[PDB]
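Enquirer: The structure's right below; bear with me while I get my questions together.
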Amino acid sequence: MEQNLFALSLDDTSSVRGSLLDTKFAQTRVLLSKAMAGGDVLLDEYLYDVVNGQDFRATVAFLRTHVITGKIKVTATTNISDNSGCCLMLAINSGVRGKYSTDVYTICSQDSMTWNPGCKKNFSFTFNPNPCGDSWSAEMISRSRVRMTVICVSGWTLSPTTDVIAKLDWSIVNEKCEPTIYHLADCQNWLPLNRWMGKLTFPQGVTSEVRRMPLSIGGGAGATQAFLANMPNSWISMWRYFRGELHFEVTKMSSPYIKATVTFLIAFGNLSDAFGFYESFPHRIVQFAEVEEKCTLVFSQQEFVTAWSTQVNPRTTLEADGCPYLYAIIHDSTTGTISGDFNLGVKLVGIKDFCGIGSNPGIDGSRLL
Amino acid sequence: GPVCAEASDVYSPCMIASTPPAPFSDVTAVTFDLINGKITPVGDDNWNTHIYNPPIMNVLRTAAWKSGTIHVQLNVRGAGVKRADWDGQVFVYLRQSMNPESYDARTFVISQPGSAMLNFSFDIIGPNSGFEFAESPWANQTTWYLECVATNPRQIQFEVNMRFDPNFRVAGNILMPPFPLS
């Protein structure tokens, strides 16, 4: 039988779309040694390369469809008994420049997932691999050299009997791929920063453990005779002073067994250690259930009198530093039935009602951890 | 004229490069990668290069996608040379590629004794909804180079200052290695 082949629907340029099963395109394994530590890279490859050797319903569609308007969804499956816990982070970055930092500070910033297998059964996240457009393709991520990593932010509280394999499941979803673009307006409704404020290690004991982390977030993170930087922070460092509502994400990175009540408050470097009046300041009490591992902190503009500097000269002492610090204080005592330190992760999610003042000429020195 | 226009917004130094020391005297040059923050001396000439770490460079070296106008100020120093004996010339070129097949996007010639100051600007614009990803294989995108030629290395000692225009936008993160302090 003859047929007008030209008129056939062989020019289907629609994106990948359907059920979860027919939108899966790849799966990977991440080997977690039972003996690992913070800053220990677990997986480090190209996003595109994920499809190599894969045989799923949308593997072909993903690789051949030259335009996709949806998002990439990553499902992580991994779970460990409440006796332990750890912090895994998965992050998507647009590219690299050789021998790059693998520190959680640099690795995060753009798009990421942070979770604790001792609390979550699984974890999922969607993203826009083309951060400044409404569409993307497999060919684009191949040639633009999109990267993805999995890293152990916090080691095991209690070592597993054997090595653990975490599994990633990559699929396409119908969520609209909206862009995330930064610009220089001096007034912005929402500014994503995803800044790794720090890893707070609180050892078990009855001592008064206090941790400080500056709200003068620009300048990067002090490594050695060099420093780490990512795009969001370099962008905020464009302004000399700034203010707004702060949104932090606090992650319990230790096992459920390690407990401690943590107080969050904003004050200045004039407060010393061993000061049992910290609770005078407006503050938030953070506790986590064995199920829970994530708490959002909000610091409205009523917590600040004025704006504050994006950078200070690193030689500045706490006493001499008039910029505000976020305090993390062991409200009671760090303990548990097992050994291990209460690791708590703090990340600045972003700023609401952002005000940017002036323009920063720049300081080469960072700020130190 | 005797009265010059007043500059306004803040420019930041970003890259400097000294011509090779005496007895070097052959005509030489140095290339500045205005986006990735690289300095490449021509041939094996002993150029004393150095890169700073201001917000602008920190952005340029980490922003995956860029779009907008960049203002550049080029300062040329500036050696103890008797004005009457000055014969140093500065030739600069904007380029979108160091390949011989590519043509100059802009040429300036400076024959000022002592020192000089050149202001110019250029636009970053690419195929990704207006964004450019500096030398990515995708769509054959390339960076911007500033080639500086010095006809007399003993008279001419270069400084690149940069500023983002308010229309400058960025997106995406590049995993950079640690940045060494000046």
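Order determines the names: the first chain of the structure tokens is A, the second B, and so forth; residues in each chain are numbered 1 upward, and ligands are numbered 1 upward as they are shown.
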Write out as a compact mmCIF listing (two decimals) with C-alpha atoms, in the first residue's frame the residues lying within 6 Å of stretch 110-121 of chain B, counting only C-alpha atoms and excluding same-chain residues fewer than 6 positions away.
Expert:
# COMPACT_ATOMS: atom_id res chain seq x y z
CA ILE B 70 30.76 45.98 30.37
CA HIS B 71 32.74 49.14 30.71
CA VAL B 72 36.50 48.90 30.51
CA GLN B 73 39.19 51.33 31.45
CA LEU B 74 42.68 50.65 30.30
CA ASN B 75 45.48 52.37 32.04
CA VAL B 76 48.93 52.46 30.59
CA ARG B 77 51.86 53.36 32.76
CA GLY B 78 54.03 55.21 33.14
CA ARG B 83 58.92 62.97 27.38
CA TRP B 86 59.16 58.88 24.23
CA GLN B 89 52.97 53.06 21.21
CA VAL B 90 50.05 51.04 22.41
Enquirer: Between chain A and chain B, at 6 Å or less, what are the per-residue closest atom pairs and their distances in Å? Count only C-alpha atoms, order by chain and rising residue number, and return it as a Markdown table.
Expert:
| residue | atom | partner | partner_atom | distance |
| --- | --- | --- | --- | --- |
| A:93 | CA | B:173 | CA | 5.5 |
| A:94 | CA | B:173 | CA | 5.3 |
| A:95 | CA | B:174 | CA | 4.6 |
| A:96 | CA | B:175 | CA | 4.5 |
| A:97 | CA | B:176 | CA | 5.4 |
| A:99 | CA | B:177 | CA | 5.8 |
| A:100 | CA | B:177 | CA | 3.7 |
| A:101 | CA | B:177 | CA | 4.8 |
| A:110 | CA | B:173 | CA | 5.8 |
| A:131 | CA | B:172 | CA | 5.8 |
| A:143 | CA | B:138 | CA | 4.9 |
| A:144 | CA | B:138 | CA | 5.4 |
| A:181 | CA | B:171 | CA | 5.1 |
| A:182 | CA | B:170 | CA | 5.2 |
| A:183 | CA | B:169 | CA | 4.7 |
| A:184 | CA | B:166 | CA | 5.6 |
| A:226 | CA | B:180 | CA | 4.0 |
| A:227 | CA | B:178 | CA | 5.2 |
| A:228 | CA | B:178 | CA | 5.0 |
| A:230 | CA | B:62 | CA | 5.9 |
| A:231 | CA | B:62 | CA | 5.0 |
| A:234 | CA | B:59 | CA | 5.1 |
| A:237 | CA | B:55 | CA | 5.7 |
| A:238 | CA | B:55 | CA | 5.6 |
| A:362 | CA | B:54 | CA | 4.7 |
| A:364 | CA | B:53 | CA | 5.1 |
Enquirer: Using DSSP on the backbone coordinates, identify the residues of stretch 135-239 of chain A assigned to helix (DSSP H, G or I); present them as a list in words.
Expert: residues 138, 139, 140, 141, 142, 143, 231, 232, 233, 234, 235 and 236 of chain A
Enquirer: Near stretch 41-52 of chain A, counting only C-alpha atoms, which residues have an atom at most 8 Å away, once you skip same-chain residues fewer than 5 positions from it, shown as a ChimeraX atom specification?
Expert: /A:25-28,30-32,59,102,138,141-142,145-152
Enquirer: I need the residues from that last selection saved to file as a CSV table (one decimal), in the first residue's frame (with N, CA and C atoms), if you can.
Expert:
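Written file, again_5.csv:
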chain,number,residue,atom,x,y,z
A,25,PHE,N,14.7,8.3,32.4
A,25,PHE,CA,15.7,8.2,31.4
A,25,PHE,C,17.0,7.6,31.9
A,26,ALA,N,17.3,7.7,33.2
A,26,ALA,CA,18.5,7.1,33.6
A,26,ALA,C,18.6,6.8,35.1
A,27,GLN,N,19.4,5.9,35.5
A,27,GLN,CA,19.6,5.6,36.9
A,27,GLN,C,21.1,5.4,37.2
A,28,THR,N,21.5,5.8,38.4
A,28,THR,CA,22.9,5.7,38.8
A,28,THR,C,23.1,5.1,40.2
A,30,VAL,N,25.5,5.4,43.7
A,30,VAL,CA,26.5,6.1,44.4
A,30,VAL,C,27.0,5.3,45.6
A,31,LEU,N,28.3,4.9,45.5
A,31,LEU,CA,28.8,4.1,46.6
A,31,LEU,C,29.3,4.9,47.8
A,32,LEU,N,28.6,4.7,48.9
A,32,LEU,CA,28.9,5.3,50.2
A,32,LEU,C,29.7,4.4,51.0
A,59,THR,N,14.9,7.1,27.7
A,59,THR,CA,16.3,7.4,27.5
A,59,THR,C,16.5,7.9,26.1
A,102,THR,N,35.8,21.2,45.7
A,102,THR,CA,34.8,20.2,45.9
A,102,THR,C,34.1,20.5,47.3
A,138,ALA,N,19.4,17.6,25.6
A,138,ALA,CA,20.5,16.7,26.0
A,138,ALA,C,21.8,17.2,25.3
A,141,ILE,N,23.3,20.2,27.3
A,141,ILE,CA,24.0,19.9,28.5
A,141,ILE,C,25.3,19.1,28.2
A,142,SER,N,25.3,18.4,27.1
A,142,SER,CA,26.6,17.8,26.7
A,142,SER,C,27.6,18.8,26.3
A,145,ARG,N,28.7,21.3,29.0
A,145,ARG,CA,29.4,20.6,30.1
A,145,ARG,C,28.8,20.8,31.4
A,146,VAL,N,27.5,20.5,31.6
A,146,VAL,CA,26.8,20.6,32.8
A,146,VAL,C,27.3,19.5,33.8
A,147,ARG,N,27.6,19.8,35.0
A,147,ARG,CA,28.1,18.9,36.0
A,147,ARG,C,27.2,18.6,37.1
A,148,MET,N,27.4,17.4,37.7
A,148,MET,CA,26.6,17.1,38.9
A,148,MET,C,27.4,16.3,39.8
A,149,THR,N,27.3,16.6,41.1
A,149,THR,CA,28.1,15.9,42.1
A,149,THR,C,27.2,15.4,43.3
A,150,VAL,N,27.8,14.4,43.9
A,150,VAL,CA,27.2,13.9,45.2
A,150,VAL,C,28.3,13.9,46.2
A,151,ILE,N,28.1,14.6,47.3
A,151,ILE,CA,29.1,14.7,48.3
A,151,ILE,C,28.7,14.5,49.7
A,152,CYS,N,29.6,13.8,50.4
A,152,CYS,CA,29.3,13.6,51.8
A,152,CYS,C,29.7,14.9,52.6
Enquirer: Fewer than 2 positions away in the same chain doesn't count, so skip those; otherwise give me all residues within 6 Å of residue A:76, counting only C-alpha atoms, as a ChimeraX atom specification.
Expert: /A:122-123,167-168
Enquirer: Take the residues from that selection and put them in a file with N, CA and C atoms, as a PDB file, in the first residue's frame.
Expert:
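Generated output (again_33.pdb):
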ATOM      1  N   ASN A 122      13.573   8.686  51.216  1.00  0.00           N
ATOM      2  CA  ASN A 122      13.950   9.101  49.893  1.00  0.00           C
ATOM      3  C   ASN A 122      13.939  10.601  49.853  1.00  0.00           C
ATOM      4  N   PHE A 123      14.311  11.173  48.728  1.00  0.00           N
ATOM      5  CA  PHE A 123      14.322  12.614  48.648  1.00  0.00           C
ATOM      6  C   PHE A 123      14.291  13.025  47.192  1.00  0.00           C
ATOM      7  N   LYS A 167      20.813   5.270  45.445  1.00  0.00           N
ATOM      8  CA  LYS A 167      20.448   5.191  44.049  1.00  0.00           C
ATOM      9  C   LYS A 167      19.730   6.424  43.562  1.00  0.00           C
ATOM     10  N   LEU A 168      20.136   6.899  42.395  1.00  0.00           N
ATOM     11  CA  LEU A 168      19.512   8.069  41.823  1.00  0.00           C
ATOM     12  C   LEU A 168      18.664   7.680  40.640  1.00  0.00           C
TER      13      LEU A 168
END
Enquirer: For a test of reading the model, state the distance in Å between atom CA of residue B:123 and atom CA of residue A:92, rounded to one decimal.
Expert: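 One can read the atom CA of residue B:123 to atom CA of residue A:92 distance as 27.9 Å.
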Enquirer: Write out as a PyMOL selection string the set of residues from stretch 43-166 of chain B that DSSP, computed on the backbone, places in strand (DSSP E).
Expert: chain B and resi 48-51+63-76+90-95+106-110+116-124+145-150+159-164
Enquirer: Using C-alpha atoms, can you write the selected residues to a file as a compact mmCIF listing (two decimals), in the first residue's frame?
Expert:
# COMPACT_ATOMS: atom_id res chain seq x y z
CA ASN B 48 55.06 39.98 35.15
CA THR B 49 51.38 39.26 35.22
CA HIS B 50 49.02 39.51 38.18
CA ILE B 51 45.29 39.16 38.78
CA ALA B 63 28.92 33.24 36.30
CA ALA B 64 28.15 30.57 33.74
CA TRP B 65 25.85 32.68 31.65
CA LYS B 66 26.25 36.38 31.09
CA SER B 67 24.45 39.20 29.36
CA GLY B 68 24.90 42.94 29.29
CA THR B 69 27.30 45.81 28.86
CA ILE B 70 30.76 45.98 30.37
CA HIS B 71 32.74 49.14 30.71
CA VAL B 72 36.50 48.90 30.51
CA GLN B 73 39.19 51.33 31.45
CA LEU B 74 42.68 50.65 30.30
CA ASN B 75 45.48 52.37 32.04
CA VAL B 76 48.93 52.46 30.59
CA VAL B 90 50.05 51.04 22.41
CA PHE B 91 47.88 49.04 20.10
CA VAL B 92 44.92 47.28 21.50
CA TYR B 93 42.43 44.95 20.03
CA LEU B 94 39.17 43.42 21.06
CA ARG B 95 38.82 39.92 19.82
CA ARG B 106 37.73 46.93 17.69
CA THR B 107 41.07 48.67 17.37
CA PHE B 108 42.55 51.56 19.30
CA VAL B 109 45.89 53.26 18.95
CA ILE B 110 47.49 55.24 21.72
CA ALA B 116 47.47 56.86 28.99
CA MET B 117 43.84 56.20 29.78
CA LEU B 118 41.44 54.49 27.39
CA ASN B 119 37.73 54.05 27.97
CA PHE B 120 35.57 51.73 25.94
CA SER B 121 32.78 49.25 26.35
CA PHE B 122 31.50 46.08 24.82
CA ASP B 123 28.46 43.91 24.96
CA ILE B 124 28.09 40.37 26.06
CA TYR B 145 40.15 39.09 24.55
CA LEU B 146 42.00 42.31 24.95
CA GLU B 147 45.26 42.19 23.12
CA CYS B 148 47.77 44.79 24.14
CA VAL B 149 50.83 45.50 22.06
CA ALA B 150 53.73 47.56 23.35
CA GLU B 159 46.14 47.82 33.92
CA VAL B 160 42.62 46.66 33.18
CA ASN B 161 39.77 48.15 35.19
CA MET B 162 36.22 46.94 34.77
CA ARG B 163 32.65 47.90 35.58
CA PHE B 164 29.28 46.30 35.12
Enquirer: A:198, A:18, A:129, A:38: which is nearest residue A:87, counting only C-alpha atoms?
Expert: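 Nearest candidate to residue A:87 out of A:198, A:18, A:129, A:38: A:38.
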Enquirer: Please indicate the distance in Å from atom CA of residue A:316 to atom CA of residue A:209, rounded to one decimal place.
Expert: 22.5 Å
Enquirer: Mind checking which residues fall within 6 Å of residue B:47, counting only C-alpha atoms, ignoring those fewer than 3 positions away in the same chain, and posting them as a ChimeraX atom specification?
Expert: /B:18-20
Enquirer: The selected residues should be written to file as an mmCIF file, in the first residue's frame (atoms: N, CA, C and O atoms).
Expert:
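Result file follows (part-v9.cif):
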data_model
loop_
_atom_site.group_PDB
_atom_site.id
_atom_site.type_symbol
_atom_site.label_atom_id
_atom_site.label_comp_id
_atom_site.auth_asym_id
_atom_site.auth_seq_id
_atom_site.Cartn_x
_atom_site.Cartn_y
_atom_site.Cartn_z
ATOM 1 N N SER B 18 53.141 43.665 33.681
ATOM 2 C CA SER B 18 54.301 44.470 33.363
ATOM 3 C C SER B 18 55.085 43.898 32.233
ATOM 4 O O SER B 18 55.327 42.689 32.184
ATOM 5 N N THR B 19 55.526 44.772 31.342
ATOM 6 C CA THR B 19 56.395 44.325 30.282
ATOM 7 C C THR B 19 57.617 43.688 30.924
ATOM 8 O O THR B 19 57.892 43.948 32.104
ATOM 9 N N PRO B 20 58.364 42.865 30.181
ATOM 10 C CA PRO B 20 59.560 42.248 30.656
ATOM 11 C C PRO B 20 60.602 43.290 31.018
ATOM 12 O O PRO B 20 60.658 44.351 30.400
#
Enquirer: Near residue A:190, counting only C-alpha atoms, which residues have an atom at most 8 Å away, once you skip same-chain residues fewer than 3 positions from it, shown as a PyMOL selection string?
Expert: chain A and resi 350-354
Enquirer: Leaving out residue A:160 and any residue of its chain fewer than 5 positions from it, which residues lie within 10 Å of it when counting only C-alpha atoms, given as a PyMOL selection string?
Expert: chain A and resi 32-35+80-81+83-85
